[PDB]
Ligand SMILES: *[C@@H]1O[C@H](CO)[C@@H](O[C@@H]2O[C@H](CO)[C@@H](O[C@@H]3O[C@H](CO[C@H]4O[C@H](CO[C@H]5O[C@H](CO)[C@@H](O)[C@H](O)[C@@H]5O)[C@@H](O)[C@H](O)[C@@H]4O)[C@@H](O)[C@H](O[C@H]4O[C@H](CO)[C@@H](O)[C@H](O)[C@@H]4O[C@H]4O[C@H](CO)[C@@H](O)[C@H](O)[C@@H]4O)[C@@H]3O)[C@H](O)[C@H]2NC(C)=O)[C@H](O)[C@H]1NC(C)=O
Ligand SMILES: *[C@@H]1O[C@H](CO)[C@@H](O[C@@H]2O[C@H](CO)[C@@H](O[C@@H]3O[C@H](CO[C@H]4O[C@H](CO)[C@@H](O)[C@H](O[C@H]5O[C@H](CO)[C@@H](O)[C@H](O)[C@@H]5O)[C@@H]4O)[C@@H](O)[C@H](O)[C@@H]3O)[C@H](O)[C@H]2NC(C)=O)[C@H](O)[C@H]1NC(C)=O
Ligand SMILES: *[C@@H]1O[C@H](CO)[C@@H](O[C@@H]2O[C@H](CO)[C@@H](O[C@@H]3O[C@H](CO[C@H]4O[C@H](CO)[C@@H](O)[C@H](O[C@H]5O[C@H](CO)[C@@H](O)[C@H](O)[C@@H]5O)[C@@H]4O)[C@@H](O)[C@H](O)[C@@H]3O)[C@H](O)[C@H]2NC(C)=O)[C@H](O)[C@H]1NC(C)=O
Ligand SMILES: *[C@@H]1O[C@H](CO[C@@H]2O[C@@H](C)[C@@H](O)[C@@H](O)[C@@H]2O)[C@@H](O[C@@H]2O[C@H](CO)[C@@H](O[C@@H]3O[C@H](CO)[C@@H](O)[C@H](O)[C@@H]3O)[C@H](O)[C@H]2NC(C)=O)[C@H](O)[C@H]1NC(C)=O
Ligand SMILES: *[C@@H]1O[C@H](CO[C@@H]2O[C@@H](C)[C@@H](O)[C@@H](O)[C@@H]2O)[C@@H](O[C@@H]2O[C@H](CO)[C@@H](O[C@@H]3O[C@H](CO)[C@@H](O)[C@H](O)[C@@H]3O)[C@H](O)[C@H]2NC(C)=O)[C@H](O)[C@H]1NC(C)=O
Ligand SMILES: *[C@@H]1O[C@H](CO[C@@H]2O[C@@H](C)[C@@H](O)[C@@H](O)[C@@H]2O)[C@@H](O[C@@H]2O[C@H](CO)[C@@H](O[C@@H]3O[C@H](CO)[C@@H](O)[C@H](O)[C@@H]3O)[C@H](O)[C@H]2NC(C)=O)[C@H](O)[C@H]1NC(C)=O
Ligand SMILES: *[C@@H]1O[C@H](CO)[C@@H](O[C@@H]2O[C@H](CO)[C@@H](O[C@@H]3O[C@H](CO)[C@@H](O)[C@H](O)[C@@H]3O)[C@H](O)[C@H]2NC(C)=O)[C@H](O)[C@H]1NC(C)=O
Ligand SMILES: *[C@@H]1O[C@H](CO[C@@H]2O[C@@H](C)[C@@H](O)[C@@H](O)[C@@H]2O)[C@@H](O[C@@H]2O[C@H](CO)[C@@H](O)[C@H](O)[C@H]2NC(C)=O)[C@H](O)[C@H]1NC(C)=O
Ligand SMILES: *[C@@H]1O[C@H](CO[C@@H]2O[C@@H](C)[C@@H](O)[C@@H](O)[C@@H]2O)[C@@H](O[C@@H]2O[C@H](CO)[C@@H](O)[C@H](O)[C@H]2NC(C)=O)[C@H](O)[C@H]1NC(C)=O
Ligand SMILES: *[C@@H]1O[C@H](CO[C@@H]2O[C@@H](C)[C@@H](O)[C@@H](O)[C@@H]2O)[C@@H](O[C@@H]2O[C@H](CO)[C@@H](O)[C@H](O)[C@H]2NC(C)=O)[C@H](O)[C@H]1NC(C)=O
Ligand SMILES: *[C@@H]1O[C@H](CO)[C@@H](O[C@@H]2O[C@H](CO)[C@@H](O)[C@H](O)[C@H]2NC(C)=O)[C@H](O)[C@H]1NC(C)=O
Ligand SMILES: *[C@@H]1O[C@H](CO)[C@@H](O[C@@H]2O[C@H](CO)[C@@H](O)[C@H](O)[C@H]2NC(C)=O)[C@H](O)[C@H]1NC(C)=O
Ligand SMILES: *[C@@H]1O[C@H](CO[C@@H]2O[C@@H](C)[C@@H](O)[C@@H](O)[C@@H]2O)[C@@H](O)[C@H](O)[C@H]1NC(C)=O
Ligand SMILES: *[C@@H]1O[C@H](CO[C@@H]2O[C@@H](C)[C@@H](O)[C@@H](O)[C@@H]2O)[C@@H](O)[C@H](O)[C@H]1NC(C)=O
Ligand SMILES: *[C@@H]1O[C@H](CO[C@@H]2O[C@@H](C)[C@@H](O)[C@@H](O)[C@@H]2O)[C@@H](O)[C@H](O)[C@H]1NC(C)=O
């Protein structure tokens, strides 16, 4: 099996910064992409980026770029995510997800999100 | 009435893959020094690298699925440890370090530490009290004066590549055995995929320095005519895109500090080569690149992108995103030492349609886990004095951005970090097949009774 | 019933079933694994 | 039976000093030496 | 004229039968990281002797050319003699015949040298 | 009829000469614990080429069958033709002939192809 | 008479053609420090099959003797038949001919079996 476990719910003031983790287990950590998605209450899914654990390759989207700091600890197998300049519009529920097919050598994908 | 007729040694081949073998020539073999980098057992290169052209042969080439890369990827890693195993294991070096901000007169806002720590000698009972100077990237503190410890101590057993073995990339010619061959795709404008118009067979590649480097390619092969744009699939931003220059680019990389190497005895037979105090001026590593040929390079490039993307559009360059230091910065070995450089001002630009040079900051890191494999680290001993290496830039690796705004502007930054892309630089024109010398075709012939 | 030599008691004798036999083996204790760092790269997995 | 066959009308020039069989024998004895010592007991702690 | 190894590949098969002595002459070509080069050159003699085995079990065993008493089924690439040797390269050709190759081979090894060679002794006993 | 590899073993030798193209076709079959599998497949080509060497130095070199100018000493399993091929399996037979095999082989390699092949050039020089 | 392996070397070549079945019969001979013995016996089959390859690509493939349709250039050791076989040992002889060996070999592999064997099918198609 595999598991994606995040940090706890936080209550903060506006204009501050907030970090959120994700801790994967049960698979090859360094070889599996990790998506991050926030969903505002009642809204749809908002994709915030991804981090390839291999050397830490990252790609973000346009609207979230510059407020988003995403890392991973390959030793301790913990993904991280950060949002700063806190606004009331940044209040949402944030997820971490993995792409379907991964490996240590060749790659693909885009679409896949399975473990959430 | 036709029959079947067997013909042995027919020009029928099929595509397959097997194990290849190196050729370092003989000149970098003489570098010796107890296994300089790769070349130890490497086979010599052909004095006349015979290149035979085949006619009426339409062969489909793929550099991205080419298997010769994964081999080259693994050998460099195995050969790496093959040096470290007889070399000195630094696992005892994990120790509490009392360090100080290095001696300078203010005007900072360090990174070098005068580190006094209790060590051991060749005699197992008596011990050692020594000082050494370390870059900030190899250690981390722990919570009177602050105490520090190495970065790998909680991850991987650390060794040190013995100073005899060097890291210097030595040109390597990969070769194929009998019943197989290697094919070189020579056509000038070639995107690496689809069919290859110009197909010639060789038994060995050209000189390929297995350059261990990121974000930039040095000393390799040059393209022809227009600067060629090669990508497996360009509609995917995630897939890396490789380029090849028709014009080589000059760079002068230096470590201006004059280092001392303190060899301390951890033996018998073991010993550790530390860093002594800099002699004279305190400077920092850097590399220079001409701004003129650089600006013209981006102009000749942006005209080539407007064949594949738009006739007239906007092109912007920006610095990288994030990841390990081996990605976010430029890694490579300059003569003994592994430099990590800030690349920003190169990519500060916005292009649309229609005398001095540059300079980049750099950092040196000795402990290196490169290829990320945990459980085993490596330490690069310091090299005495000012280090200088001149490199010629033959290639690039890039990634793309994302949807953003419809048909507005595309942004580009550094990328890669998987060394398989490093070997694709010289292997784009190569691939392997196997011979089927037996064949059966009809004719009026028939054997006897 | 298969034996190299049955007159010798010392030589082992092997048998083969026509009917397989069921067995359920359990360690009922619920263990904890304490991973303690002896490294770098070394570590020891203890019993909690 | 270490068969020794004689050849006739053969004039062969011999050199023992450039003979390569020596360098082999030279290296094997050294490698075989360590091949014993490697499973054997390392006295590196004996420096005291 | 010597065009070298695999020179006549894209050339038509009729033109490719002149290089058989070339492609068959170099076909045999006469610690760590040293293992890399050693396992490569082994696969040549296996690929070479497998053909020698096939060439041997068939009515050939002679190098570079051969024929057989097995007829050509028109279901195997029905074509005129000129549509094959003159109009088709060994690459384009063996593409078509890779279908029935072993079906062909079965009669070469069995219907021929398992049969025609048994005819020898029966004729050679008297 | 195809009975596979070694099908005719217990069958009489006369019945066992029909499988020669089978047993000779698969005879060549076309880090630690990886060494286990590698040294095994090497002994096949040595066993195969040793026969090819013997078959070559004798008057055969042709696969699956052969004859010779060496007579059969009645001291070698004196039997009628039917007492041998029809009445004896290759297992029961080679059991008897393992005696004189090399005595037989010596005349095949020497009295034949060392002799009869020297007769060629002396006849082929004129 | 059996003089063993390489017995006739210093003897004249005409006298050395009687041992061909000897020198060709034993030519194939049927962890650390264990690697020492293994790599040695591999070079025999390469040296053996390379000759078999050369013997095969030429008009021979038959063991111990052969001839060719390639004439002897008088520029190659101009000598009478008795000045060669009767007056010269294989050691003294091959010393002289090591010059043109491949020049000779080129016509054996190409002017013969690349040519004379193509003549077969053209004569064997009708
Ligand atoms: C004679 O033969 C018999 C029968 O062949 C042998 O019986 C075998 O006994 C084994 C133990 O001795 C036992 O091994 C365990 O198998 C478990 C099952 O693995 C499968 O299923 C899991 C999960 O699937 C389950 O859930 C899904 C979905 O809900 C269902 O579809 C399935 O049906 C299951 O219900 C899969 O993930 C696997 O891929 C397999 O398909 C294993 O989970 C277990 O491994 C765990 O413990 C290991 C030891 O520490 C550990 O290394 C491994 O990582 C596993 O750890 C679990 O928990 C950690 C917690 O962090 C988590 O990270 C891991 O991901 C994992 O969940 C054992 O391997 C065999 O199942 C059993 N049967 C067979 C057919 O082999 C008998 O032993 C044999 N006798 C002898 C003497 O040999
Ligand atoms: C960046 O580096 C690259 C590669 O180093 C430069 O690209 C070209 O490199 C090729 C060679 O890889 C040069 O092109 C040919 O080189 C042939 C090989 O020359 C060597 O071998 C010769 C015969 O064995 C030998 O005579 C010759 O010595 C010559 O140079 C010596 C110094 O290196 C000198 O001491 C000798 O006196 C003699 O002059 C070499 O050992 C050679 O036979 C051909 O004539 C031809 O030179 C290219 O010239 C290189 N340059 C270009 C522009 O293509 C690339 O230039 C570098 N780029 C920059 C910006 O510096
Ligand atoms: C103790 O264990 C032994 C061995 O495990 C049991 O002995 C018998 O085991 C054999 C197989 O080793 C079974 O006999 C046959 O098995 C054939 C192979 O079946 C596998 O492969 C099939 C095709 O690839 C596949 O369809 C099949 O799946 C089937 O079982 C799956 C669960 O294992 C199930 O999920 C599938 O839906 C499907 O039903 C297997 O992967 C099979 O093709 C034959 O039909 C036949 O089954 C015997 O049945 C086993 N039992 C007996 C009594 O002989 C032994 O029973 C065990 N004893 C006890 C007391 O438990
Ligand atoms: C004998 O040769 C035929 C035909 O080969 C045809 O000509 C060649 C020159 C090539 O261009 C081939 O690509 C071409 O087909 C072989 O035909 C086989 O036919 C089957 C259908 O009967 C094909 O199956 C297909 O499978 C795909 C993928 O699932 C489906 O999408 C298709 O709908 C179809 O079902 C098969 O691809 C095709 N080729 C092969 C190699 O099998 C035939 O197999 C061959 N026989 C032998 C013994 O070689
Ligand atoms: C030629 O063949 C003979 C006879 O072989 C006989 O027939 C076979 C089908 C088998 O059934 C054989 O078992 C059977 O003997 C070989 O005969 C050999 O004879 C000698 C005696 O002259 C036997 O020596 C025996 O040794 C045992 C053990 O020490 C003693 O107890 C006996 O008293 C006797 O001395 C020998 O066993 C026997 N077989 C062999 C294989 O040597 C003969 O050797 C053989 N010649 C050749 C060149 O193969
Ligand atoms: C064909 O054979 C000739 C002659 O070989 C002669 O007879 C043999 C039985 C031996 O006894 C040979 O030693 C003897 O020469 C080969 O002759 C070659 O001639 C060249 C000169 O044209 C010689 O070069 C010499 O080089 C030395 C060293 O630098 C100088 O001191 C001399 O002044 C001279 O320049 C060469 O040594 C000689 N032998 C060889 C093996 O090349 C000829 O090469 C050969 N051809 C072929 C294709 O084999
Ligand atoms: C040399 O070692 C000293 C040991 O402390 C390091 O000094 C520390 O420097 C930081 C600045 O990065 C100081 O933090 C600053 O605090 C002031 C006051 O609150 C605040 O206004 C600034 O914004 C900043 O947070 C820190 O206080 C200071 N340590 C002490 C004890 O004062 C110094 O950085 C080392 N040099 C290098 C190159 O590392
Ligand atoms: C390469 O082949 C061409 C001819 O190939 C033809 O087209 C192919 C698609 C296929 O259908 C073949 O069977 C065809 O034969 C050769 O062109 C010939 O060249 C000769 C001599 O130069 C000339 O006399 C012929 O008229 C040419 N024929 C044609 C159709 O152009 C060409 O020579 C081949 N390459 C080499 C090196 O021989
Ligand atoms: C297996 O062999 C039997 C006959 O073997 C005989 O007995 C042996 C001890 C030995 O002396 C042999 O030389 C003998 O020939 C085969 O039986 C024959 O089968 C055919 C066809 O079924 C029948 O016409 C013959 O009359 C049978 N002969 C006898 C003596 O029974 C049997 O067929 C063999 N097995 C197979 C698969 O062919
Ligand atoms: C060894 O050779 C001699 C003869 O060699 C001769 O001298 C050489 C330099 C070379 O020029 C050769 O071509 C010459 O033939 C053999 O001596 C002969 O022996 C036979 C039988 O004993 C006798 O009848 C001849 O007259 C001898 N000839 C001479 C010239 O002495 C000698 O036999 C050879 N060794 C063996 C074992 O046969
Ligand atoms: C790479 O260049 C080739 C042309 O040299 C492109 O052309 C393709 O060629 C194949 C033939 O194997 C055709 O099946 C495709 O339809 C062709 N596509 C196009 C767009 O021409 C190939 O597309 C190029 N690939 C990339 C990624 O640029
Ligand atoms: C990099 O350094 C080399 C020398 O190490 C410089 O090469 C000089 O180039 C100039 C022309 O620009 C020549 O006149 C000199 O003769 C060259 N000297 C040597 C020793 O080759 C090179 O210009 C430097 N490039 C940069 C960008 O700094
Ligand atoms: C020609 O071939 C026809 C088809 O044979 C069948 O298909 C091939 C691909 C094989 O799978 C084979 O085993 C099948 O039986 C035959 O029906 C026909 O008889 C053949 N004719 C001749 C003269 O050989
Ligand atoms: C038949 O064989 C008889 C016996 O030969 C002897 O025994 C065999 C086993 C070998 O060891 C052999 O070297 C011995 O000489 C001969 O005496 C007899 O001449 C032979 N007859 C024929 C026609 O070959
Ligand atoms: C005999 O040989 C003469 C010399 O050939 C030349 O020298 C030899 C060593 C080779 O290098 C060869 O390639 C050279 O061409 C020829 O000039 C002469 O024509 C030959 N005569 C015959 C009948 O073959």
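Taken together, the values in this text are just the output of simple stated rules run on the coordinates, not laboratory data. Please note: Cβ atoms are built from the backbone with ideal geometry, for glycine as well, and neighbour counts cover all protein chains shown.
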Of B:73, B:173, D:26, how do they rank once you tally other Cβ atoms within 10 Å and put the fewest first?
D:26, B:73, B:173
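Taking the convex hull of the Cα atoms, report for the range B:82-128 its projected area averaged over all directions, in nm². Walk me through the numbers on the way to the answer.
Details: hull surface 22.7 nm².
Mean projected area of the Cα convex hull: 5.7 nm².
Using the Kirkwood radius over C-alpha pairs as Rh, can you work out the diffusion coefficient of the range B:361-449 via Stokes-Einstein at 25 °C, viscosity 0.890 mPa s, in µm² per second?
Values: Rh = 20.5 Å.
Translational D for this selection: 120 µm²/s.
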Take the alpha-carbon positions of the range G:6-123, form their convex hull, and give its projected area averaged over all directions (one quarter of the hull surface) in nm².
10.5 nm²
Distance from the Cα centre of the range B:284-323 to that of the range B:359-400, in angstrom?
23 Å
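For a footprinting-style exposure proxy, rank B:260, G:19 by other Cβ within 10 Å, fewest first.
On the way: B:260 16, G:19 23.
The fewest-first ordering by Cβ neighbours comes to B:260, G:19.
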Scattering profile of the range B:172-224 from the Debye formula, Cα beads only, expressed as log10 I(q)/I(0) at q = 0.14, 0.21, 0.25, 0.27 Å⁻¹, is -0.50, -0.98, -1.11, -1.13
Interatomic Cα distance distribution for the range B:8-446, bins of 20 angstrom, percent
22, 50, 24, 4, 0
Compute the Rg/Rh shape ratio of the range B:1-112: radius of gyration over Kirkwood radius, all on alpha-carbon atoms.
1.25
Cα centroid of the range E:5-62 to Cα centroid of the range E:71-97, whole Å
23 Å
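So in the protein assembly as shown, what percent of DSSP beta bridges are antiparallel if you round to the nearest 5? It would help to have the intermediate numbers written out before the result.
On the way: 124 of 132 bridges.
Around 95 percent antiparallel, to the nearest 5.
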What base-10 log of the normalised intensity I(q)/I(0) is obtained for chain A from the Debye formula, alpha carbons as equal point scatterers, at q = 0.16, 0.17, 0.19, 0.21 Å⁻¹?
-0.72, -0.81, -1.01, -1.22
Mind checking the mean number of beta-carbon atoms from other chains within 10 Å of the Cβ atoms in E:109-120?
5
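Return the average number of partner chain Cβ atoms within 10 angstrom of each residue Cβ along peptide B:111-120.
Working: counts 0, 0, 0, 0, 0, 0, 0, 0, 0, 0.
Going residue by residue through B:111-120 and averaging, the value is 0.
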Would you look at the GNM of chain A, springs on alpha carbons closer than 10 Å, and say which of A:97, A:24, A:105 moves the most?
A:105
Nm distances between the label at residue E:118 and the same-position labels in the remaining copies, 7 Å along Cα→Cβ, shortest first?
3.9, 3.9
If each DSSP helix of 4+ residues adds -39,500 (n - 2.57) and the sum is divided by the residues in the protein assembly as shown, what number results at 222 nm, nearest 500 deg cm²/dmol?
-5500 deg cm²/dmol
Output the Cα-based Rg and Dmax of the range B:307-414 in Å, rounding Rg to one decimal and Dmax to a whole number.
17.9, 54
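Among DSSP beta bridges lying fully in chain B, give the percent that are antiparallel, nearest 5.
Numbers: 86 of 94 bridges.
Among the beta bridges of chain B, antiparallel pairing accounts for roughly 90 percent.
Applying a 10 Å radius around every beta-carbon, put A:33-45, B:206-218 in order of their mean neighbour count, most first.
B:206-218, A:33-45
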Percent of C-alpha pairs per 20 Å bin, the protein assembly as shown, short to long
9, 30, 32, 22, 7, 0
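With the contact rule set at Cα under 8 Å and sequence spacing of 6 or more, what percent relative contact order holds for chain A? Mind showing how you got there, number by number?
Details: 239 pairs, mean separation 35.2, N = 116.
RCO, chain A: 30 percent.
Starting from the Cα coordinates of the range F:87-126, work out the convex hull volume and express it per residue in Å³.
On the way: hull volume 2.9 nm³, N = 40.
For the range F:87-126, the hull spanned by Cα atoms encloses 72 Å³ per residue.
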With a 10 Å cut-off between alpha carbons and a GNM built on chain A, which of A:49, A:31, A:15 moves the most?
A:15
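With N residues in chain C, what two-decimal value do you get for its Cα radius of gyration over 2.2 N^0.38 Å? Mind showing how you got there, number by number?
Working: Rg = 22.6 Å, N = 48, 2.2 N^0.38 = 9.6 Å.
In units of the globular-protein estimate, chain C measures up at 2.35.
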Centroid-to-centroid separation of the range C:21-40 and the range B:1-22 [C-alpha atoms, Å]
56 Å
Shielding of F:42-49 by partner chains, average beta-carbon count, 10 Å:
4
State the dimensionless ratio Rg/Rh of the range B:64-151 (Rg: radius of gyration of Cα atoms; Rh: Kirkwood radius).
1.17
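Which of B:428, E:100 comes first, and how do the rest follow, when ranked by fewest Cβ neighbours within 10 Å? Intermediate values should be presented prior to the final figure.
Details: B:428 26, E:100 17.
Least to most surrounded, the residues fall as E:100, B:428.
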